[PDB]
Protein chains: 2
Amino acid sequence: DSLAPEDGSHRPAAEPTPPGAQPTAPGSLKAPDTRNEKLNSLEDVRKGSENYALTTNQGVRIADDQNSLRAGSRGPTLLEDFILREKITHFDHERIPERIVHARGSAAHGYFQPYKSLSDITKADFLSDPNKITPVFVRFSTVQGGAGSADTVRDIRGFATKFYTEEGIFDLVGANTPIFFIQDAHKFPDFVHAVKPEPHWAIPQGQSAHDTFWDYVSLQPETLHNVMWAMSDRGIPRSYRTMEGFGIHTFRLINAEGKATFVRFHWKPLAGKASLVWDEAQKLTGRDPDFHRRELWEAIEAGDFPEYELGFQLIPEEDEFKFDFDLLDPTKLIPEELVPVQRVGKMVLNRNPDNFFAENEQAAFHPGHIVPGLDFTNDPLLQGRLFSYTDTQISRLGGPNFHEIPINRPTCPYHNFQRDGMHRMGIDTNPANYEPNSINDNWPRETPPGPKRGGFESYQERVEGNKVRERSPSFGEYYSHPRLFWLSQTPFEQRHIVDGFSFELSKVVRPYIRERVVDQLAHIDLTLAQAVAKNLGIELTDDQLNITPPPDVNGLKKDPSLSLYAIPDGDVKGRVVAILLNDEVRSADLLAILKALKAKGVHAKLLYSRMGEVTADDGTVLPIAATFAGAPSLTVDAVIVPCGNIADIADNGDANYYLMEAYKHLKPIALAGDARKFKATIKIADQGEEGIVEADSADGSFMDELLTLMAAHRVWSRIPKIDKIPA
Amino acid sequence: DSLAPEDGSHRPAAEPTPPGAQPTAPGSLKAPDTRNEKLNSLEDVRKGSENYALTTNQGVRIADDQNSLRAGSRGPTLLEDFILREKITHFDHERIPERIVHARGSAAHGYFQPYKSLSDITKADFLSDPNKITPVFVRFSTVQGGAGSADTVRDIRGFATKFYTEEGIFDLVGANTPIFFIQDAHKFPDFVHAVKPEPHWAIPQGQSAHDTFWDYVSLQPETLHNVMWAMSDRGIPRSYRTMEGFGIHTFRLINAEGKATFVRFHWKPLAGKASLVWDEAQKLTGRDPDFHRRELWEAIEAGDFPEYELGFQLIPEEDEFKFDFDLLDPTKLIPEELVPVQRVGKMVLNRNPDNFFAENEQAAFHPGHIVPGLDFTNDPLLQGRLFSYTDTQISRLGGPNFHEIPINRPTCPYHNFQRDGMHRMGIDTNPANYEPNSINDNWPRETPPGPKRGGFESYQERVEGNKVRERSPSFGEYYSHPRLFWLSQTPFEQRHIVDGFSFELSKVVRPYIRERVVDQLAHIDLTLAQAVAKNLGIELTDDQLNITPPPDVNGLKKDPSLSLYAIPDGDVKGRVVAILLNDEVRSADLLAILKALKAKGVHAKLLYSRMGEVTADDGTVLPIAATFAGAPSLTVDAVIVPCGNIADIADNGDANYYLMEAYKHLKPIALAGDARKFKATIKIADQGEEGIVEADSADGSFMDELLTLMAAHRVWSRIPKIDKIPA
Ligand code: HDD
Ligand code: HDD
């Protein structure tokens, strides 16, 4: 019975559409023409549904899927109802363990291509030819929260890319900050337990603002550098598209001649760097906990493909010990002023998955999954990571055949003498299951190392030392990087860092813990220490006021690449404007607005006080995306209020608060005609004010002003005016 | 090392302490003298920590837990480091599958005691004597969200009680609404999948406001009744302590004579019925996603034990067919005006767990777990539930030995011939592992049914009919209960229902689904349908305008027990008041304020613009609990602003907004002396207005008036005033 509407409006058009225009859908139905080798290789397991009979898992057609089998229609359910038990059994066993860390993540498919051959420095096949494309699957995530936690929390973000290369899978498993909190993997469980929900009551979710995290940080100064990044606006990115990606550790590139080059991996967001502000981010976890997941999926459906530039920081083997920090210390970043990021290639994410569980939830990424031409280093965090990502999927993905889960399968050949394990898919026909063997003539065979298509051979690094459980003495420096980071931020970023620490520490119940953290801040910078201390009602002591600042990092007093906003990098394509409608919209304003927005690739969401439709002054029927309360200003980048019958929304509480919220969160607001009367609500400026666009109508000049504001992301000059507005 | 602070402030006092005064802690440490048989039985597995050496899982002392073993202090990590590998292995496999539904839940220990023997109607041992104390373990939950999802979402709430009886575990697995959405267990997966995050992208979390839920609802009218409950304020409870509890299904009570009585289980909140308002609940999912979990824990730590009264709806076997609706239909409630709830006993929750994962996450509840004196019915939803709850823990808790997990273990004896299975703890010495046997003289033995301590025998219900997959025709009525619920709500409750539907339907992207639900509502009540339709810009057709309303339920045109607020049941103990401080507070007001609150067990939180202290007019040093932004008005029940230097916070946006938010969410507000200046922030006239307490000081009747408002929960007369106001 229950069928599609007559008009076929149940199904989304299979073409790129702006966010909100059509219901979202599985990637292969939304963009059937978007292909790559990995996507095509998944065709063996994709299952359709249209025009097929409903069946059991054993292929038996079901006649009645509305009822259990029972003795009489008001009788007991019978044990022989195998249709019911199969259906319930499958339901009862739907869940699989979520990831210990990074449980909350959003993923997409894409492709990578190098700009030029990198054969002089590496024999890795995927970086050898500019016209050789490598399919990717990328998963972005948060760290602390469960798979059901919110997206816009303050946390580090994970940035994992699976490269399906012709010589094996390469997983580049990184983050959105260039360092990690700890130095040795042996302490991972301590750090993670400290930041995770506390053990007695399992609170708080997706928040570091609790006693145990700050206790750990206070006793483990090595965490301060990544804590600085977390407390900055880097901890609350606007989108996965507008954050940097870093592999954190120093790895090696190995060329065909055997030369090893130290490398640190970077991802540069081609959409620019952009973060939310704390109040916005926190409120957004409540208004839309799926904001980053939704934004990524819709960008891809709209053709606004998340694009990243892969970059390498290359350090010659002879320069290993030439910085004032150890290259193998993952709490230490390599300043771009010292070692520039060389551009390597572009990564484009152009298709969403079909089924989240099957492809995203089951995907297994592991930093040990390298290929010939790449190698590890002795970074002690990286070292311990190699043990963990293979181990963990034995329970998470049920066994050692996790490489056979469709999303994890290599697109290149794979043959070995490994057999069985739970849910073995591969049916091996090889007479032998061991080597050496004569019965299959020793196949599959080992392959000597070589310039191309060779077997993996580890770089023969000289190892010289006693068996010790000891931290390198060169890792024993914890304040210089934190301070380099602090001094590289703009004044408004520095305040946001202050506010982040002050907010977090205010949630720490034990006051001595707050004081210990403030003491640690005094070893980084007294201006910073004092600003936090004042917000906590703490007085720095005389000894604290006399702590000598840490040395500069190899002479650097700052490095602007560490700031999100010091150097403009603002792209408006893919951003969204909230348009506040009224019941007699001036169609001339609306036309100029959409044309201008369309030219720059900026989307629009038409909002009103109710759903359904509104008719403009020229009879144009405008479908309403959401109500003012339904899609808060949190969800958009700027707000436009066109002229029309302004008296319709002039006394609307939600319409007024929409502007106050956007204003508080430093977003550009544009008011046309009688819409300028909303200026009173945001008690500010008579003549005008930088950040607020105004004119008698919405024209070319009005829209160019707004788009220029959006290019700079937020109106930082308005900071001084926001802490009086009651919003 | 010796890192605790000399002064012992790291450790919370082991005595009842109000919320926020001390760091929360594991139950056995916070309240060591609070015991019961189950808590004492868990002593064999409880593990301490203080004064013990740090070891591996095999008992080997660890010398250095900061480092991995490597060849050289900057060398590679060695495979022989078994201390590293064991610690990472345990960490790597910490997670277990979350529950398929109700993954998000908060639990506590407690006890139950009947008021009088129920031997005349049931031979269940736990109800046979008023002096018989039964230890309980209760878990409250949401339904849709994952374990890391938020607490104050709009959803049904789970309410599961594990009764550790002398004759077996009795699990009463209910919810906070008297009905469920579907009629037959075979459609459970259908309904759940429809409400859960959509499969392509896994959005949205913790919400039924999406197309697939409303698609299903519109095609399955049986769901309308529970949908009505969810859309009302019942879907967003103030706390687990202030919601009702129901078993939903009609079960049987069996006495010693063999007589069967139909019974529906009820839980009455002794703190009363109380819910949030939509905007507060949604915002509160952002400001504190653990609000219910925290509130439950802290109430128990303050000694404000959640107390519930078990009640029975009793229906004689001869009255099975005397109602308009089928007694076995779970989408139908039994109106208390027809069948009164008879008070049976009291449940007190007085101790939190020690470890959330071990006790809360691994607890397994199942409604098939009944004891002699209770029995099932043919309710088709219940029938299928009996299959599911044993089945699901084979994956969730790793096997069939899940009753051996400490929290799940019976306190009474258990002996049988079941053996082996993963994680087998019990070491059986019985020579026989089968019955009948002679080698152990047939022990353990079967026990015949009898008045007390006898074997389980099912009630010999007559079964007659053909083997059919068929819904009983008596279940085919879908609108009369929904309508009864609608008509029993107050006008502001009805507005809130209209608002829930309107908001949820606005998040449904396909307009035709919205229209179809509107068509269903028009079968329930025209006023309701029209109001929702208006908010969605949908016009009812003339046909929809003349749909004749469903008949009354057995002559009833309303039943006031179905309303949260129609019949007052306001309890103020355990509620919390925000106190907006200034830098020269009038200490006399503060003393009057704080003592009046303490007298009624109402908690307070002293807030300010920063942390630290503030000095009152007489030099009294006031400890600040949180900042205005740090503990938003969403978390409190009322706000008081004492006299003092009001100009200190008068132009503080946050303080002003605090009052705007609380005013909007209908909470009592009290302003003393110059704190009346804030009236212009909330637009209060000079003469005052109901819901706002105001006077020259906090003396006389100021606190009694404020406490009367708190007793009535929220100021429902202010609804019309909140319409405008930009907050
Ligand atoms: C020693 C253990 C260890 C340590 C020291 C790290 N983690 Fe890790 N992390 C794991 C143990 C692990 C894990 C336990 O193996 C996980 C979770 C489950 C999974 O599959 O892998 C994982 C997941 C995981 C993911 C999610 C993969 C996904 O999206 O599926 C990311 C992006 C990171 N990690 C990145 C980091 C960063 C950049 C780290 C340091 C630089 C780091 N990990 C340290
Ligand atoms: C046939 C399937 C079935 C049906 C029709 C129901 N559920 Fe259920 N229930 C599940 C299958 C299940 C489950 C999959 O077996 C769960 C998941 C986790 C578990 O242990 O039990 C569960 C758990 C579960 C819990 C959480 C126990 C805890 O806190 O651990 C609550 C309170 C209930 N549900 C309540 C109910 C009620 C009031 C429902 C309707 C009357 C209902 N469920 C219908």
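FYI, it's all coordinate maths here, none of it is from the lab. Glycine also receives a Cβ, built like all others from the backbone with ideal geometry; neighbour counts cover every protein chain displayed.
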If you count, for every residue in A:280-292, the Cβ atoms of partner chains within 10 Å of its Cβ, what is the mean?
5
Arrange the peptides A:151-158, B:342-349 so that the one whose residues have, on average, the most other Cβ atoms within 10 Å appears first.
A:151-158, B:342-349
Would you kindly work out, in nm and rounded to one decimal, the distances from the label point of B:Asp704 to those of the same position in each other copy, ordered shortest first, with label points 7 Å along Cα-to-Cβ?
7.1
Label spacing, shortest first and in nm, from A:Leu54 to its equivalents in the remaining copies (7 angstrom along Cα→Cβ)
5.7
Rounded to one decimal in Å, the inverse mean reciprocal Cα-Cα distance for the range A:259-412, i.e. its Kirkwood radius, is 19.1 Å
For the protein assembly as shown, with equal point scatterers placed on the C-alpha atoms only and solvent neglected, what are the log10 I(q)/I(0) values from the Debye formula at q = 0.06, 0.07, 0.08 1/Å, to two decimals?
-0.59, -0.82, -1.10
Given a Förster radius of 35 Å and the C-beta distance between B:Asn57 and A:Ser41 as r, what FRET efficiency does 1/(1 + (r/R0)^6) yield to the nearest 0.05?
0.25
Restricting to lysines and to Cα separations under 17 Å from B:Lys534, and discarding same-chain partners fewer than 8 apart, the set is B:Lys507
To the nearest 0.05, how large is the calculated FRET efficiency for A:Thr615 and A:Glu6 if R₀ is 25 Å and r is the Cβ-Cβ distance?
0.55
No solvent, one uniform scatterer per C-alpha: report log10 I(q)/I(0) for the range A:260-339 via the Debye equation at q = 0.11, 0.21, 0.27 1/Å, two decimals.
-0.53, -0.99, -1.30
What nm distance separates the two modelled labels at B:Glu317 and A:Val348, each placed 7 Å from Cα along Cα→Cβ?
7.6 nm
With n ≥ 4 as the cut-off for DSSP H runs, can you work out [θ] at 222 nm for chain B, using -39500 (n - 2.57) per run divided by the number of residues, rounded to the nearest 500?
-7000 deg cm²/dmol
I want to check the label-to-label distance for B:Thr390 and A:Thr390. Put each point 7 Å from Cα in the C-beta direction and report it in nm to one decimal.
4.1 nm
For the protein assembly as shown, the dipole about the Cα centre with charges only on Cβ (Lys and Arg +1, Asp and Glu -1), to the nearest 20 debye, works out at 480 debye
Net charge around A:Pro269, counting only other residues with Cβ within less than 11 Å of its Cβ (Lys, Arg = +1; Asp, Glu = -1)?
-1
Find how many whole Å separate the alpha carbon centroid of the range B:624-682 from the alpha carbon centroid of the range A:674-727.
28 Å
What whole number of Å gives the distance from the Cα centroid of the range B:142-166 to the Cα centroid of the range A:485-503?
40 Å
Taking each residue of A:77-84 in turn, how many C-beta atoms of other protein chains fall within 10 Å of its C-beta, and what is the average?
4
Part-to-part distance (alpha-carbon centres) for the range A:215-240 and the range A:400-465, which is given in Å:
40 Å
Under 19 Å from the A:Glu404 label point (7 Å along Cα→beta-carbon), backbone N, the range A:420-438
A:420-434
Which entries of B:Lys196/B:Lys721; B:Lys30/B:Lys605; B:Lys38/B:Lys187; A:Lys724/B:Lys600 have Cα-Cα distances beyond 27 Å here?
B:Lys196/B:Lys721; B:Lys38/B:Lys187; A:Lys724/B:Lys600
The Kirkwood hydrodynamic radius of the range B:675-727, taken as the inverse of the mean 1/r over all distinct Cα pairs, in Å, comes to 12.3 Å
If unit charges are put on Cβ atoms (+1 for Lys and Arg, -1 for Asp and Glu) and the dipole of chain B is taken about its Cα centre, the option from B:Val508, B:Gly612, B:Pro642 lying farthest towards the positive end turns out to be B:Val508
What is the residue of chain A with the smallest Cβ distance to the axis taking A onto B, and what is that distance in whole Å?
A:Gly286, 1
Name the residues of the range A:433-472 whose amide N is less than 20 Å from a point 7 angstrom out from the Cα of A:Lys132 along the C-beta direction?
A:447-459
At q = 0.09, 0.10 Å⁻¹, work out log10 I(q)/I(0) for chain B with the Debye formula, treating every Cα as an identical point scatterer and leaving solvent out; two decimals please.
-0.92, -1.11
Let me see the P(r) profile for the range B:470-573: every Cα-Cα distance counted, bins of 5 Å, each bin given as a percent of all pairs.
2, 12, 19, 19, 19, 14, 9, 4, 2, 1, 0
Computed on alpha carbon atoms, what radius of gyration and Dmax characterise the range B:574-727, expressed in Å?
14.0, 43
Output wanted: per-residue J couplings in Hz (rounded whole) for the range B:26-33, from phi through Karplus 6.51 cos²θ - 1.76 cosθ + 1.60, θ = phi - 60°, x for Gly and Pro.
x, x, 5, 8, 6, 9, x, 8
So who's got an amide H within less than 5 Å of the one on B:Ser128, skipping anything under 5 residues away but keeping other chains? H placed 1.01 Å off N, in plane.
B:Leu118
Averaged across A:379-385, how many Cβ atoms of other chains sit within 10 Å of each residue's Cβ atom?
4
Translational diffusion coefficient (Stokes-Einstein; Kirkwood radius from C-alpha pairs) of the range A:346-478 at 25 °C, 0.890 mPa s, in µm²/s:
131 µm²/s
Can you list the copy-to-copy distances for B:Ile427, using a point 7 angstrom from Cα toward Cβ, in nanometres, shortest first?
4.6
Virtual paramagnetic centre 7 Å along Cα→Cβ of B:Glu257, amide N under 13 Å, in the range B:424-450
none
